[PDB]
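As a starting point, one isolated chain is supplied in structure tokens, in the form deposited in one PDB entry.
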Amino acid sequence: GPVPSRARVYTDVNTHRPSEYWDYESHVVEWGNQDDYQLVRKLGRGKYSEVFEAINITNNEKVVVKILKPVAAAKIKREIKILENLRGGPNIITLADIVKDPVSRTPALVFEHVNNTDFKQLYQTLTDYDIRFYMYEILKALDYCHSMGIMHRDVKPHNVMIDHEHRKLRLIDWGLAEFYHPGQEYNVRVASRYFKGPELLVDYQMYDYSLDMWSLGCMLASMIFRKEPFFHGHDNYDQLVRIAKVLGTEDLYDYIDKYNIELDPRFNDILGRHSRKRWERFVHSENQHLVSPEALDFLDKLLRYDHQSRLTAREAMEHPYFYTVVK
């Protein structure tokens, strides 16, 4: 059977906290006043929630209200507990309140408002300096949540709200986030197809915080190479083939051999045999201004098949790529 795996960092944070911290099923919700909040306009819908621009009539401040569909299946408590654990962490969306929605009869999460500018207008229009700056701000969020025993599991441009005017970033949508417990097997049906780590795609369940660092590498590659998305799978199988056409099949086989993973036999007809490509093959006249030796070295150390070999968020923040960012 598969060889087990453990994170190389923050392995035992949860084992040493009182059950109060990670036992989200035991958590009792403190309800605020639903009458404090007036919905202004629908902003978005996902498969698990509807999001609204709202006003807090007690202070006239803009808020965002996320009304959970009942389909959450009660995992509302994990999201609430994670949001409360992380509250006030650097670049973590701030949960202001939890009220009972009178219509849905489900919890409505009240968040601070970020005046977001659209990613499809932003992340493919930023400067070299701004890519470095915002990546550093995302790393602060990821090292904070990892240090607090939490993996986000849905890092992608849509879950990063940026107020480009105030140089303000928040990591949002913690509805897939989970507490890391060493030796625990997790559901591989997390993250969005283009950001899914190889561990998910080969059905390796004993994964950890390092899944977020793969997702972040997918975001960086799309930004520096101006290619959305970078790994453009037609489905979850083709997603691994797209990765293997860049990183090569020999390192893929070494990875699944290390963890004693058997590839789905569906791959025998579609994977082929691929060399690792040099990152310079993706450089062209339209994206060269965003590419440096430091950018490629950093990307190279995120986009590794072996989840244990990837930079941690804290190691990533030490990388030369960020030396130019004002701290």
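Note that residue numbering follows the sequence shown and begins at 1.
Another form, the form deposited with a small molecule bound, is not on view; read the next lines as being about it.
- Remark: all three candidate residues (134, 157 and 160) come within 4.5 Å of the small molecule in the bound PDB entry, counting heavy atoms only.
- Taking the partner from the other structure, the small molecule in the bound PDB entry has a heavy atom within 4.5 Å of a heavy atom of residue 219.
- Contact check for residue 138: a heavy atom falls within 4.5 Å of the small molecule in the bound PDB entry.
- The small molecule in the bound PDB entry is approached by residue 223, whose closest heavy atom lies within 4.5 angstroms of it.
- Under a 4.5 angstroms non-hydrogen atom cutoff, the small molecule in the bound PDB entry has residue 122 among its neighbouring residues.
- The contact with the small molecule in the bound PDB entry, taken as any heavy atom within 4.5 Å, belongs to 169 out of 191, 169, 247, 86.
- For the options 148, 206, 126, 96, the one in contact with the small molecule in the bound PDB entry, meaning a heavy atom within 4.5 Å, is 126.
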